[PDB]
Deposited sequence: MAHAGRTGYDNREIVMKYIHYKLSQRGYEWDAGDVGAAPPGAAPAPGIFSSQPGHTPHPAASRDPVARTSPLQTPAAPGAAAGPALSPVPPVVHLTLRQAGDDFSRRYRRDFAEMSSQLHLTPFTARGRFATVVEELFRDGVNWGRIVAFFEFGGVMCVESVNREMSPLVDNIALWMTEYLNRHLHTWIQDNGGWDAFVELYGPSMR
């Protein structure tokens, strides 16, 4: 379920750069591109800030992701969580490490169900988000 959300976002992002790979989705495609725009405004595509290697990616991913929610969670920070993962999958493919994509998605899925699931429920769940973001599309 939350893993499907991860799948469709990864698939979506990967498509967005011409790479194939085998409602909450639409809203989330929207917020991420929204984020995308804002991010590329002040900084350069984050692919440049990513230094990746097969056996260093999981830790890197973890480190960053924890620095994100280290002090709190808000939907903005979660769309960011999404953008981050997807950018890692696109970088992966581009750096000739396509296999990782499948791993990155698992990492995300786990992180979602393990460390964010509580905030989500406590804060209205996914429909809450689909309703907050509603007026931004």
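Which segments of the deposited sequence lack C-alpha coordinates in the modelled structure, numbering from residue 1?
According to the deposited record, C-alpha coordinates are absent for 1 to 9, 32 to 91, 207, which together make up the missing parts.
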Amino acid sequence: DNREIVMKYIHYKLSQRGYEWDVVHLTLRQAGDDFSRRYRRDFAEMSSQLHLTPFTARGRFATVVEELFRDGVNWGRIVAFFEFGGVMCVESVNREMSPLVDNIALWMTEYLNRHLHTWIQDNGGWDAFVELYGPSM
From here on, numbers count along this sequence of modelled residues.
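Averaged over C-alpha atoms, is the B-factor higher for 82 to 90 or for 57 to 65 in this PDB entry?
Per the PDB entry, the higher value belongs to 82 to 90.
Identify the stretch, either 43 to 51 or 102 to 110, whose C-alpha atoms have the larger mean B-factor according to the entry.
Per the PDB record, 43 to 51.
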